[PDB]
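# Commentary on secondary and tertiary structure
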Amino acid sequence: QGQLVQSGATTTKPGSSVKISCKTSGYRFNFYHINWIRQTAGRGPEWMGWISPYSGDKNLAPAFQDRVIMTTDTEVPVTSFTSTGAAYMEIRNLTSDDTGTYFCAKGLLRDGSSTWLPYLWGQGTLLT
Amino acid sequence: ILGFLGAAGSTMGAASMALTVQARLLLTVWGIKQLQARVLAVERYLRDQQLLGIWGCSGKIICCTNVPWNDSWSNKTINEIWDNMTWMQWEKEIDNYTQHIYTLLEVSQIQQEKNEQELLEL
Amino acid sequence: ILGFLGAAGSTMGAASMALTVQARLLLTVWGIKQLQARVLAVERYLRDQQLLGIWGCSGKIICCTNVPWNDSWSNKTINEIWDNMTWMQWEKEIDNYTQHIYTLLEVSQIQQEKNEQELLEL
Amino acid sequence: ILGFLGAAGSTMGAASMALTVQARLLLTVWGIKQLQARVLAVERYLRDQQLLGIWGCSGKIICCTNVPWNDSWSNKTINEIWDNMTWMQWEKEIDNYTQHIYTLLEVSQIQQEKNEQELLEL
Amino acid sequence: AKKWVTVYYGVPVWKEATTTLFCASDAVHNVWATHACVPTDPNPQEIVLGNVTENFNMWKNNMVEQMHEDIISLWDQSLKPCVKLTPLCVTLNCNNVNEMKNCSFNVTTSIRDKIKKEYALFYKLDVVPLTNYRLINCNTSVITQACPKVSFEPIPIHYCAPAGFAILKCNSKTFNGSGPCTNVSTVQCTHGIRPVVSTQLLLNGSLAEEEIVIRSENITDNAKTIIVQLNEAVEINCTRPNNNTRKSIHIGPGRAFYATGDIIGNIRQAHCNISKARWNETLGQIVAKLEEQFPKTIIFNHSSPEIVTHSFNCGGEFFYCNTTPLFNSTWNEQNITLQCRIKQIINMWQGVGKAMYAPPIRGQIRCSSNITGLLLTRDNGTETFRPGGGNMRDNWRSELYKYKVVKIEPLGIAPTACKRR
Amino acid sequence: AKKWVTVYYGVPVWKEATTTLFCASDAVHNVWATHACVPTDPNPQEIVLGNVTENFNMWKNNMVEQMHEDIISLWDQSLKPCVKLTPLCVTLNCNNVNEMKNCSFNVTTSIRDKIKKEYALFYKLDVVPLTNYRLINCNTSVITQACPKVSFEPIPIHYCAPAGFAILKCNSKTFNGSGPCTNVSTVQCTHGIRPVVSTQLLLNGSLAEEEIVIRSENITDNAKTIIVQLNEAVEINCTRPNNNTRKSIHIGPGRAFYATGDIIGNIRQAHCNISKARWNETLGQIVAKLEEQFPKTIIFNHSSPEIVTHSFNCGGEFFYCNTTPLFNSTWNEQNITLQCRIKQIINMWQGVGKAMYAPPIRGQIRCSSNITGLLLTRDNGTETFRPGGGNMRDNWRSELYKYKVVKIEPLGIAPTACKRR
Ligand SMILES: *[C@@H]1O[C@H](CO)[C@@H](O[C@@H]2O[C@H](CO)[C@@H](O[C@@H]3O[C@H](CO[C@H]4O[C@H](CO)[C@@H](O)[C@H](O[C@H]5O[C@H](CO)[C@@H](O)[C@H](O)[C@@H]5O)[C@@H]4O)[C@@H](O)[C@H](O[C@H]4O[C@H](CO)[C@@H](O)[C@H](O)[C@@H]4O)[C@@H]3O)[C@H](O)[C@H]2NC(C)=O)[C@H](O)[C@H]1NC(C)=O
Ligand SMILES: *[C@@H]1O[C@H](CO)[C@@H](O[C@@H]2O[C@H](CO)[C@@H](O[C@@H]3O[C@H](CO[C@H]4O[C@H](CO)[C@@H](O)[C@H](O)[C@@H]4O)[C@@H](O)[C@H](O)[C@@H]3O)[C@H](O)[C@H]2NC(C)=O)[C@H](O)[C@H]1NC(C)=O
Ligand SMILES: *[C@@H]1O[C@H](CO)[C@@H](O[C@@H]2O[C@H](CO)[C@@H](O[C@@H]3O[C@H](CO[C@H]4O[C@H](CO)[C@@H](O)[C@H](O)[C@@H]4O)[C@@H](O)[C@H](O)[C@@H]3O)[C@H](O)[C@H]2NC(C)=O)[C@H](O)[C@H]1NC(C)=O
Ligand SMILES: *[C@@H]1O[C@H](CO)[C@@H](O[C@@H]2O[C@H](CO)[C@@H](O)[C@H](O)[C@H]2NC(C)=O)[C@H](O)[C@H]1NC(C)=O
Ligand SMILES: *[C@@H]1O[C@H](CO)[C@@H](O[C@@H]2O[C@H](CO)[C@@H](O)[C@H](O)[C@H]2NC(C)=O)[C@H](O)[C@H]1NC(C)=O
Ligand SMILES: *[C@@H]1O[C@H](CO)[C@@H](O)[C@H](O)[C@H]1NC(C)=O
Ligand SMILES: *[C@@H]1O[C@H](CO)[C@@H](O)[C@H](O)[C@H]1NC(C)=O
Ligand SMILES: *[C@@H]1O[C@H](CO)[C@@H](O)[C@H](O)[C@H]1NC(C)=O
Ligand SMILES: *[C@@H]1O[C@H](CO)[C@@H](O)[C@H](O)[C@H]1NC(C)=O
Ligand SMILES: *[C@@H]1O[C@H](CO)[C@@H](O)[C@H](O)[C@H]1NC(C)=O
Ligand SMILES: *[C@@H]1O[C@H](CO)[C@@H](O)[C@H](O)[C@H]1NC(C)=O
Ligand SMILES: *[C@@H]1O[C@H](CO)[C@@H](O)[C@H](O)[C@H]1NC(C)=O
Ligand SMILES: *[C@@H]1O[C@H](CO)[C@@H](O)[C@H](O)[C@H]1NC(C)=O
Ligand SMILES: *[C@@H]1O[C@H](CO)[C@@H](O)[C@H](O)[C@H]1NC(C)=O
Ligand SMILES: *[C@@H]1O[C@H](CO)[C@@H](O)[C@H](O)[C@H]1NC(C)=O
Ligand SMILES: *[C@@H]1O[C@H](CO)[C@@H](O)[C@H](O)[C@H]1NC(C)=O
Ligand SMILES: *[C@@H]1O[C@H](CO)[C@@H](O)[C@H](O)[C@H]1NC(C)=O
Ligand SMILES: *[C@@H]1O[C@H](CO)[C@@H](O)[C@H](O)[C@H]1NC(C)=O
Ligand SMILES: *[C@@H]1O[C@H](CO)[C@@H](O)[C@H](O)[C@H]1NC(C)=O
Ligand SMILES: *[C@@H]1O[C@H](CO)[C@@H](O)[C@H](O)[C@H]1NC(C)=O
Ligand SMILES: *[C@@H]1O[C@H](CO)[C@@H](O)[C@H](O)[C@H]1NC(C)=O
Ligand SMILES: *[C@@H]1O[C@H](CO)[C@@H](O)[C@H](O)[C@H]1NC(C)=O
Ligand SMILES: *[C@@H]1O[C@H](CO)[C@@H](O)[C@H](O)[C@H]1NC(C)=O
Ligand SMILES: *[C@@H]1O[C@H](CO)[C@@H](O)[C@H](O)[C@H]1NC(C)=O
Ligand SMILES: *[C@@H]1O[C@H](CO)[C@@H](O)[C@H](O)[C@H]1NC(C)=O
Ligand SMILES: *[C@@H]1O[C@H](CO)[C@@H](O)[C@H](O)[C@H]1NC(C)=O
Ligand SMILES: *[C@@H]1O[C@H](CO)[C@@H](O)[C@H](O)[C@H]1NC(C)=O
Ligand SMILES: *[C@@H]1O[C@H](CO)[C@@H](O)[C@H](O)[C@H]1NC(C)=O
Ligand SMILES: *[C@@H]1O[C@H](CO)[C@@H](O)[C@H](O)[C@H]1NC(C)=O
């Protein structure tokens, strides 16, 4: 029930690395995972991996394990159930194959079997 | 588990387990003040036991009843309550209808022992 | 219904319905007097709960037992009691034997959990 | 029977019968002292009722449970306990493990209404 | 068979504990405030605990340590409204009579700037030379006049244990102070206990059954008082024969100090009387059991005026009876009379800084009491026993030896072949 | 699926409330009556509330408004039995010494009509010219001498919430006075709090972890005191070097006024000592965070004798230390010594009409304390901070910022697919 604003549209060239932000608000940032998804021109959507703002635990697909730098800050509490945090996204070996729109997605629940499911999406950032 | 109120910021499904931990620790200027707080402690406690009694829950920690969940109280699913909201989040959302459901539990208990009394007439 | 003690001059059959209304409102010179009445209120209340407990009625509002109605207490029919006399009329007529029936309910409860204890031995 | 504490030096099998006798009589310098003892009397009593409640024994005088008798507490037979030792002899021998069994009864009651809650889900 | 725990509630098992007891009296007003106690139960439910043997000790017993503090608290509570005799701390010009002085003194009256010269009588124990005199307390403490409407009457006080506690009795008719009593019974309250303030001689107390018993902690320790209990009381008769008069002296708005003035009729001597034969046969019975604990010869001598003499209360005035014609014997018609003095100012119990003035009783005084006990103190080839007293809590201890506070713990777990479904 | 209400009992949910807390102490007798508190729990059960974030505010916190009234009540309760010094309100003929006067005065003694002429010493703050003198209070209030056996010792007092209530802690090591604390834990009682009566400088208090923190309500509002908490105490050492003597003056039956007479040995000056370097590095740390809330230059000046000077209690006598050699700096071996005066009569807290006479302490006085806090007050192009104090409840507030009273409401209803038969 909050916003997940991201960075702008930064376009570099292959071999480099790009940093993408994801500033949260309106919800307890520590209670829900932060997923990272992308839709490239060449495939469809592809799940990259989620990170736990509380457990500090990461799980990412083997297709993006040795490329992605994924971190979070620590929420700045606003009220008892509101906070403001940030998740960051980087990649190693960059090409024009990874060109596409990228968003972050907050988890669905806090317990059960669909805890991390990307429910609340960001806005999208266009890569190289 | 976690201790007294240990799962206050936890999901309602996790906090609902092992509720006997917040059930144990519920019960001259210094002397009068201390005796004042001792009498009040038994009054607030017996009010909850008085309520559990006239609901058929006298002795229960989890107590199912007959009153159906009116969606006017909350149109949320069971999964988006017990696996998401905390016990302090939930009853702020129900705070208004809390006095309405106390009346519903009492009539469903007086219309249960009254149907039970006719049952044992045979 | 009628409120607190609303059916005091009504028939025992009408007053016996919705008994949770007289069950809710049962529980320095000004300060000592007020605290004196607060402690007494919990004592008189717990005495009734103590009695309901050692009768198997702990939690009941209407509680059937095993003790048969001795006609020496009252040779009146059920119809000329519940549809005629009021609750205040009735217990003046039973006032004498009231202490005799309190003893009968207690032995019928200690000779019920003792027969229940042998039941679960198998 | 024998009265209040009448079977204190009797066998545990004889004293276990008619336990409603020690269950009834359980509940300014003179004034403050007398009110001090009145409040303490209700506190000590409700602690025992609080314990009986979170064990499923709320209302019971003899209450069987699920916790098996660990022979580490006492390797004595039932016959050499209930027909020989007195109630004051017994709990001196169990005095150490008494706080261990209070914890066992509480988890066997929270893991009984929780299995009961899933039972009524169907 | 298999065994599971089964919880029992209300099992006969108790622990030794210490809790606040409360009073229960029968029924103008007395210092002990027995009108404020619960109306004592007309049906005293005494339940005999068969097969039970309990471990008593009247010397560790906390009921006497609690009663003794209740008496001291009742004393201070009863003197809060009464008039304080601080303006009497003035220079006294005292005469004699033939013993009490005849003292005169200037006093401020109801009007703050007018002086009157009153006269009054004060016993020699109430005054000390500075000839000019003063009251004995003035260099020590403030003194409060006892209200002339509160009575010093020892009223039967019952001590009851709270709900959930219990008091244990001991019906063994030869029970010495400590050990295991094989005849125990439980009681809701103690018997009728009279808070008799006494010294050296126990008055109006409870007798013993069968024979007379003597008690102690370590009787071989000489610095331990001996509490002797008699089985048959010896009659004591005390009196102040002087016919005194009470005078109201207005020394302030509403503050009326009651003094003594003029002896109508004969001047005589306050004294007591006990039977020479009955005290001879009773001293002989006390001599009998001073052999069952010792081997030797039994010598009685005087004490080593609150403690040196028999001090009690007769009709309202505190006597101090010289008990030397009482303890003057060596064991291998006639009345015995003691010469009693009379004080009006007493230091109650402690010495923090509060004394009490007993207002004078009008007319003649005579009271008849029962000496049912004795507080001795043994000190070569012989053993001499002198009247001791030791402490005031030995008085209540002579009556609270039969009792003992235990708390009920009614929860009991035990294994049986019984599992719930 | 279908949904019915099912009642849960004992659910972790609480409301903010205000109830009467009680005390818990450890353990002659002190004014705080800590012997009467419950023996504090040896095992302090602190339970960490994971995932929980609570809204604290040390300025709305009612525990300080309740403790502050308990201190005021303990003060009046401790002076009820003690002697009242109303006969000392008499004409005084006072000398000098070289500062305390040497005063002589007629006094009524234990005998109401005899006069004695006593002499005693009284500090200039305790007397005022009418040459002839009198005590400063006599045109204001009755004065009661503090009992010379009750101690003014700050004892660790624990505040516990009743059964069914809860106190919430805050383990955030950088927590400023208000807002949401993300490290909450529940406690049955507060920590060991010492009821130190102080002014301008917080003594013997609880330090801070990590860095030093400053607090306020609206720091931009100048009429709001600033509570600064230090992370490392600076050693303060105070003393009265004069070797005084105590004289007992019997001015009534049992009423013994303790006065001062004669200085044995050298006449000297009551003063304090703190390290010039340690107060330089600590004032520098206080200067650091007066930038994190402001931009400018940080000026320290003296106050704008209860409030103008550092007033505390050293061994029993109330000092009044001039803190101008303390706050005299502008920030863009050596001991600092303050000249302390000494009062014997204090107006405690209020001004209804009751003062207290601190009896003199015999011999020499020296105490060593820890200054762990500071109460400032800011007032062109600069900002100057002066020692404030503001009110006495700011002292307890510096220790009760971590805590907060909430009440437990354990009944909870919620829907599940569960219907009874
Ligand atoms: C405070 O609030 C936070 C946030 O709400 C709570 O954290 C969340 O707790 C829930 C449940 O407790 C978590 O959901 C579970 O997720 C696990 C996934 O873990 C597995 O995979 C991880 C990555 O692959 C891996 O780290 C785990 O391995 C262990 O090691 C890590 C070390 O980092 C350790 O921290 C872990 O705890 C693991 O022990 C593990 O392999 C998932 O497996 C769960 O599903 C199981 O359980 C549920 C019932 O709970 C059941 O329905 C399923 O079928 C399955 O059996 C479950 O989905 C969630 O991931 C946490 N984090 C969030 C939401 O960000 C925290 O618990 C709260 N604490 C308190 C005290 O209130
Ligand atoms: C204790 O000491 C007191 C003195 O401090 C004693 O009081 C005094 O007692 C004497 C007698 O022993 C009284 O003297 C008598 O007074 C009466 C009164 O008559 C007076 O008035 C008439 C006027 O009608 C006048 O004409 C007389 O001359 C008297 O002056 C006389 O009738 C007697 O003859 C005799 O003089 C004192 O008056 C009395 N004084 C006070 C102040 O009371 C007291 O008796 C002593 N008590 C004891 C037990 O020793
Ligand atoms: C505060 O003021 C007080 C006065 O109000 C001071 O008390 C006085 O102090 C002086 C000394 O400074 C004393 O004078 C001394 O007295 C002693 C006693 O001897 C006397 O008695 C003998 C009999 O044996 C006689 O022969 C002598 O002549 C004396 O009369 C003498 O030995 C000394 O030589 C000297 O005279 C006063 O006695 C004393 N008065 C009282 C009432 O105490 C007090 O010292 C002052 N204190 C301070 C700190 O300033
Ligand atoms: C012992 O008890 C007797 C009897 O209760 C007391 O004698 C009573 O004394 C009061 C006041 O002097 C009189 O009002 C009663 O009439 C007396 N009763 C009888 C039957 O004579 C006696 O004072 C008590 N002794 C002590 C030392 O307390
Ligand atoms: C701060 O605490 C110290 C230590 O508790 C206090 O110093 C004590 O002072 C009393 C009375 O002067 C002495 O009886 C103790 O022996 C002292 N203790 C130590 C360790 O020196 C000091 O007085 C307190 N300061 C304040 C202002 O209360
Ligand atoms: C729900 O509650 C409303 C009043 O709040 C009532 O009018 C309505 O009949 C209820 N419906 C059900 C299905 O319980
Ligand atoms: C309860 O009533 C108040 C009325 O002021 C309303 O504002 C609030 O939204 C209600 N609660 C819920 C959960 O709707
Ligand atoms: C009825 O009560 C009397 C005593 O009041 C008793 O003797 C009699 O046996 C009882 N009869 C029945 C049938 O209960
Ligand atoms: C109860 O006993 C009294 C004895 O005085 C008697 O008068 C009365 O009639 C009895 N009650 C009934 C209902 O018979
Ligand atoms: C008995 O208790 C001990 C600890 O006291 C425990 O280790 C053991 O597993 C228990 N055994 C049984 C059979 O309950
Ligand atoms: C309980 O523990 C104590 C430890 O001092 C031990 O001496 C005692 O024997 C134990 N009780 C039993 C019944 O073994
Ligand atoms: C009362 O005061 C006067 C004053 O002149 C005195 O003469 C008289 O002796 C005093 N009375 C007594 C009894 O001392
Ligand atoms: C009071 O004076 C008496 C004189 O009889 C004396 O024995 C006693 O010690 C004095 N007490 C005090 C406290 O001065
Ligand atoms: C004293 O003993 C006699 C003889 O038994 C008795 O009549 C009298 O009541 C007793 N007095 C007291 C106060 O016990
Ligand atoms: C009381 O009797 C017991 C044994 O019956 C004995 O051990 C004890 O020493 C006796 N007390 C005295 C004071 O002799
Ligand atoms: C009794 O006291 C004597 C010395 O007076 C001592 O030797 C002996 O041990 C004591 N006995 C007891 C049981 O206290
Ligand atoms: C005592 O004296 C009064 C007069 O003061 C008199 O009436 C009464 O009869 C006298 N009593 C005796 C026993 O002499
Ligand atoms: C005591 O007085 C009573 C009644 O006056 C009398 O019966 C008894 O014989 C007297 N005894 C003595 C020893 O004077
Ligand atoms: C007690 O009387 C005897 C003689 O009977 C006497 O020698 C003794 O001095 C008296 N006691 C006191 C304290 O005067
Ligand atoms: C003994 O005293 C009583 C009353 O005290 C009295 O009646 C009796 O005559 C006295 N006997 C003798 C011989 O003095
Ligand atoms: C005490 O009173 C007398 C009365 O003559 C006076 O001379 C003297 O100065 C007074 N004392 C003081 C210290 O004022
Ligand atoms: C008391 O006198 C002082 C003189 O120092 C004065 O300042 C104060 O205002 C006076 N207070 C009253 C209430 O008269
Ligand atoms: C003051 O600080 C020192 C240094 O840590 C410490 O040893 C001492 O106990 C402290 N005193 C008080 C009263 O806290
Ligand atoms: C304390 O911090 C909160 C946010 O963490 C802030 O809103 C508040 O103003 C701060 N308090 C002060 C006195 O600056
Ligand atoms: C703080 O005080 C200033 C004036 O001193 C005022 O303008 C401002 O609104 C206040 N802010 C808060 C949060 O109270
Ligand atoms: C203080 O003076 C007393 C005598 O009044 C003396 O015994 C003591 O030694 C002195 N103390 C010091 C530190 O000088
Ligand atoms: C204060 O006193 C203590 C002990 O006497 C000493 O260690 C410390 O250095 C002193 N500090 C100052 C500033 O005087
Ligand atoms: C404090 O000391 C300074 C100089 O150190 C002095 O000017 C000032 O007047 C003093 N304060 C008071 C209140 O006397
Ligand atoms: C500082 O004070 C301490 C104790 O107060 C003392 O030991 C030290 O010598 C002092 N240093 C100087 C330079 O005055």
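Residues numbered from 1 in each chain as written, not as in the entry; some residues may be left out. Chains lettered and ligands numbered in written order. Part of a larger assembly, values for the part shown. Heavy atoms only, no water.

If you check the header, you'll see the entry was determined by X-ray crystallography and the resolution is listed as 2.9100 Å.

### Quick notes on the overall build of chain B
Just so we agree on the cut-off: Each helix is a run of H or I in the DSSP string that is no shorter than four residues. Each strand is a run of E no shorter than two, and both are numbered from the N terminus. We compute the radius of gyration over the C-alpha atoms and compare it with the globule rule, which gives 2.2 Å times the number of residues raised to the power 0.38. Here the accessible surface of atoms and residues is derived via Shrake-Rupley with a 1.4 Å probe, and residues count as covered only by protein chains that are part of the display. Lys and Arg are tallied as positive, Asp and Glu as negative. Neither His nor the chain termini are counted. Note that the charge is assigned to NZ on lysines, CZ on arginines, CG on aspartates and CD on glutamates.
Helix and strand counts for chain B come out as 6 helices and 1 strand. In sequence order, the secondary structure elements of chain B are arranged as α-α-α-β-α-α-α. Its C-alpha radius of gyration of 18 Å places chain B more than 25% over the 14 Å reference for a compact globule of 122 residues. Considering only C-alpha atoms, chain B reaches an extent of 60 × 40 × 30 Å along its principal axes. Accessible area of chain B: about 5,300 Å², with a carbon and sulfur share of 52%. Distance between charge centroids for chain B: 13 Å, based on 9 positive and 13 negative side chains.

### Focus: the interface of chain B and chain F
What counts, and what does not: Any two residues having at least one pair of non-hydrogen atoms within 4.5 Å are treated as being in contact. Buried surface area refers to the total accessible area, computed with a probe of radius 1.4 Å, that the two partners give up upon joining, counted for both partners together. Each reported salt bridge corresponds to a side-chain nitrogen of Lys or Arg within 4 Å of a carboxyl oxygen of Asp or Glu.
Contact residues are listed per partner, giving 61 residues for chain B and 57 residues for chain F. With both chains or domains summed, chain B and chain F bury close to 5,100 Å², and 66% of this area falls on carbon and sulfur atoms. In terms of surface lost to chain F, no three residues of chain B exceed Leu5(B), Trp30(B) and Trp69(B), which account for 15% of the buried area on that side. Our count for the chain B to chain F interface comes out at 1 salt bridge.

### Considering the side chain of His33(A)
Residue and element names in this part refer to chain A. Filter applied, for reference: A 1.4 Å probe rolled over the protein chains alone gives each residue an accessible area, and that area as a share of the maximum for its type sets the label: buried under 20%, exposed over 50%, partly exposed in between.
Mapping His-33 onto the fold places it in the loop between strand 3 (22–24) and strand 4 (34–40). Classification of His-33 by relative accessible area gives buried; the value is 15%. When residues no more than four places from it in sequence are discounted, the contact partners of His-33 are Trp-50, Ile-51, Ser-52, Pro-53, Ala-105, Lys-106, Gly-107, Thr-115 and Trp-116.

### Notes on the nonpolar core
Soluble globular proteins: nonpolar side chains tend toward being buried together. Rules: Grouping buried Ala, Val, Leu, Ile, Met, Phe, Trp, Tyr and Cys residues that are joined through side-chain atoms within 4.5 Å yields what is termed a nonpolar core.
By size, the foremost hydrophobic cluster in this structure holds 104 residues, and its most contacted members are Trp55(B), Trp55(D) and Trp14(F). Apart from the residues within four sequence positions on either side, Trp55(B) is in contact with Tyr102(B), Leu105(B), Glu106(B), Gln109(B), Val7(F), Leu411(F) and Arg420(F).

### Examining the interface of chain E and chain D
Stated precisely, the cut-off is as follows: A 3.5 Å cut-off defines polar contacts: any pair of N or O atoms within that distance qualifies, except that in protein one atom must be a possible hydrogen donor and the other a possible acceptor, and neighbouring residues in sequence count only when both atoms are side-chain atoms. Classification convention: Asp, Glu, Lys, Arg as charged; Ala, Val, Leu, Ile, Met, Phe, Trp, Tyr, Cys, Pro as nonpolar; all other residues, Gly among them, as polar. At least two DSSP bridges between two strands are needed for those strands to be called paired.
Across the contact, 57 residues belong to chain E and 61 residues belong to chain D. Taking both sides of the interface into account, the surface hidden between chain E and chain D amounts to around 5,100 Å²; carbon and sulfur atoms contribute 67%. The three residues of chain E that bury the most area against chain D are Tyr9(E), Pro12(E) and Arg420(E), which together make up 18% of that side's buried surface. Taken together, chain E and chain D are joined by 1 salt bridge. Inspection of the region where chain E meets chain D yields 16 residue pairs in polar contact. Elements represented by at least two residues in the side of chain E that touches chain D include exactly strand 1 (4–9), strand 2 (14–16), strand 3 (22–25), strand 6 (46–49), helix 1 (62–78), strand 32 (405–408) and strand 33 (411–416) of chain E. Along the lines of polarity and charge, the residues of the side of chain E that touches chain D split into 34 nonpolar, 14 polar and 9 charged. In this structure, strand 1 (residues 62–68) of chain D lies alongside strand 1 of chain E, joined through 4 bridges in antiparallel fashion. Its bridge partner lying in strand 1 of chain E, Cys63(D) is registered against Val7(E).

### Some thoughts on helix 5 (residues 87–94) of chain B
Along an α-helix, residues three or four apart share an orientation, since each turn contains 3.6 residues. The test is simple: What the arc describes is the spread of directions from the helix axis to the C-beta atoms.
Listing the buried residues of helix 5 of chain B in full gives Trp87(B), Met88(B), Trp90(B), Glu91(B) and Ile94(B). The arc enclosing the buried residues of helix 5 of chain B, seen along the axis, measures out at 155°, which places them on a common side.

### Some words on the site of ligand 29
All names here are of chain F. To keep things clear, this is the line we draw: One heavy atom suffices: a residue is near a molecule or strand as soon as one of its heavy atoms comes within 4 Å of it.
Every residue close to ligand 29 is listed here: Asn-237, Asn-273, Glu-333 and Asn-335. Between ligand 29 and the protein, one listed contact pairs an oxygen atom with a side-chain N or O atom of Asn-273 at 3.3 Å. At 2.3 Å from an oxygen atom of ligand 29 is found a side-chain nitrogen or oxygen belonging to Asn-335. Burial of ligand 29 by the protein chains amounts to 38% of its free accessible area of 370 Å².

### Brief notes about the pairing of strand 27 (residues 335–343) of chain E
All names here are of chain E. Looking at chain direction, strand 22 (residues 271–275) and strand 27 are connected through 5 bridges and run antiparallel. Following the sheet pairing, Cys-272 is matched in strand 27 by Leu-338. Pairing analysis gives 4 bridges linking strand 25 (residues 318–321) to strand 27, with the strands arranged antiparallel. Counted as the bridge partner of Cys-321 is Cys-340 from strand 27.

### Here's the deal with empty space enclosed by the protein
Applicable threshold: Throughout, the protein atoms alone are placed on a 1 Å grid, and a set of points is a cavity if a 1.4 Å probe fits but cannot get out or a pocket if it is open with protein on both sides within 12 Å along at least five of seven lines; lining residues have an atom within 4 Å of a point. Grid points are joined across faces, edges and corners, and a volume is the space filled by probe spheres set on the points.
Considered as a void within the structure, the largest cavity measures approximately 70 Å³ in volume. Considering the residues around the largest cavity, the lining is formed by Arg38(B), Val39(B), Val42(B), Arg38(C), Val39(C), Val42(C), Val39(D) and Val42(D). At the level of elements, helix 3 (29–53) of chain B, helix 3 (29–53) of chain C together with helix 3 (29–53) of chain D are the ones that each hand at least two residues to the lining of the largest cavity. Of the residues that constitute the lining of the largest cavity, the class distribution is 6 nonpolar, no polar and 2 charged.

### Notes on helix 2 (residues 276–292) of chain E
What counts, and what does not: One less than the number of residues in a helix, times 1.5 Å, gives the span that helix is expected to have.
A rise of 1.5 Å per residue sets the reference length of helix 2 of chain E, with its 17 residues, at 24 Å; its end C-alpha atoms lie 25 Å apart and thus fit the reference within 8%. Every buried residue belonging to helix 2 of chain E is among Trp279(E), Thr282(E), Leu283(E), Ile286(E), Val287(E), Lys289(E) and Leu290(E), and all of these are buried.

### Topic: a negative patch on the surface
Where we set the bar: A patch consists of residues exposed above 30% relative accessible area that lack any salt bridge, with like charges linked at up to 9 Å and nonpolar side chains (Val, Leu, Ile, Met, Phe, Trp, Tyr) linked at up to 5 Å.
Side chains of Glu209(E), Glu210(E), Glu211(E), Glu291(E) and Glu292(E) sit close together on the surface and give a patch of like negative charge. Its location among the elements puts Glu209(E) in the loop between strand 18 (184–187) and strand 19 (213–215).

### Observations regarding the pattern of salt bridges
Once their charged atoms are close, side chains differing in charge can pair, the charge on each being opposite to the other. Tallied over the entire structure, the rule returns 40 salt bridges over all chains. The residue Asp98(A) makes a salt bridge to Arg67(A) at a minimum N-O spacing of 2.7 Å. With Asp98(A) in the loop between strand 10 (87–91) and strand 11 (100–106) and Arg67(A) in the loop between strand 6 (58–60) and strand 7 (68–72), the pair connects residues that are 31 residues apart, well separated along the chain. For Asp98(A), a relative accessible area of 3% translates into the label buried. For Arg67(A), a relative accessible area of 25% corresponds to the partly exposed category. Residue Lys15(F) is joined to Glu409(F) by a salt bridge in which the shortest nitrogen-to-oxygen separation is 3.4 Å. On the basis of relative accessible area, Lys15(F) is assigned to the partly exposed category, the value being 37%. Given a relative accessible area of 30%, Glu409(F) falls into the partly exposed group. Taken together, the shared-partner salt bridges in this structure form one network comprising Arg38(A), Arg43(A), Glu46(A), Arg67(A) and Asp98(A).

### Focus: the state of the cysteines
Residue and element names in this part refer to chain B. Here is the rule: Only a pair of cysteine sulfur atoms within 2.5 Å qualifies as a disulfide here.
Under the counting rule described, the total for this entry stands at 24 disulfides over all chains. Here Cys-57 connects covalently by a disulfide to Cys-63, the sulfurs 2.0 Å from one another. Disulfide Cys-57-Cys-63: torsion about the S-S bond near -80°, hence left-handed. Across the pair, exposure class does not vary: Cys-57 and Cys-63 are buried alike.

### Examining unusual backbone geometry
Residues and elements named next belong to chain D. The backbone of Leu-5 shows a phi angle near 60°, a positive value even though the residue is not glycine. As for its position among the elements, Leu-5 is in the segment before helix 1 (12–15). Looking at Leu-5, the relative accessible area reads 0%, which means it is buried.

### Overview of the sheet that holds strand 1 (residues 4–9) of chain F
To keep it simple, the criterion reads: For every element, the axis is a line fit to its C-alpha atoms; helices are fit only across the contacting stretch, and the angle between N-to-C directions ranges from 0 to 180 degrees.
Here we have 3 strands laid out as an open sheet, ordered 1(B)-1(F)-33(F), and antiparallel in their pairing. The open sheet has two edge strands, strand 1 (62–68) of chain B together with strand 33 (411–416) of chain F, and neither has a second partner. Shown here is a sheet whose adjacent strand axes are inclined to one another by a mean of 30°, direction ignored.

### Brief notes about the arrangement of the chains
The two units chain A and chain C never meet; even their closest C-alpha atoms stay 35 Å apart. Looking at chain A next to chain D, you find no contact at all, with the nearest C-alpha pair sitting 17 Å apart.

### Digging into the packing of helix 3 of chain C against helix 3 of chain D
Packed helices, taken two at a time, are described by the angle their axes make and the gap between the axes. As a reminder, the rule being used: Take the far helix as your reference; a near helix turned counterclockwise from it by less than a right angle gives a left-handed crossing, and one turned clockwise gives a right-handed crossing.
The N-to-C vectors of helix 3 of chain C and helix 3 of chain D enclose an angle of 35°; their axes lie 11 Å apart at closest approach. For helix 3 of chain C against helix 3 of chain D, the interelement crossing comes out left-handed. Between helix 3 of chain C and helix 3 of chain D, the residues in contact are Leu35(C), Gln36(C), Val39(C), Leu40(C), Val42(C), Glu43(C), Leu46(C) and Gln50(C) and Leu35(D), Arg38(D), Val39(D), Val42(D), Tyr45(D), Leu46(D) and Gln49(D), respectively.

### Description of the packing of helix 3 of chain B against helix 1 (residues 62–78) of chain F
Put simply, the rule reads: Here roughly perpendicular refers to angles of 65 to 115 degrees, roughly parallel to angles under 35, roughly antiparallel to angles over 145, and oblique to all remaining angles.
Two elements in contact, helix 3 of chain B and helix 1 of chain F, have axes whose closest approach is 10 Å; the angle formed by their N-to-C orientations is 140°. With respect to each other, helix 3 of chain B and helix 1 of chain F are oriented oblique. In this structure, helix 3 of chain B uses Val29(B), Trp30(B) and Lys33(B) to contact helix 1 of chain F, whose residues at the interface are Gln66(F), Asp70(F), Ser73(F) and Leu74(F). Among the residues making up the contact of helix 3 of chain B with helix 1 of chain F, the classes are represented as 3 nonpolar, 2 polar and 2 charged.

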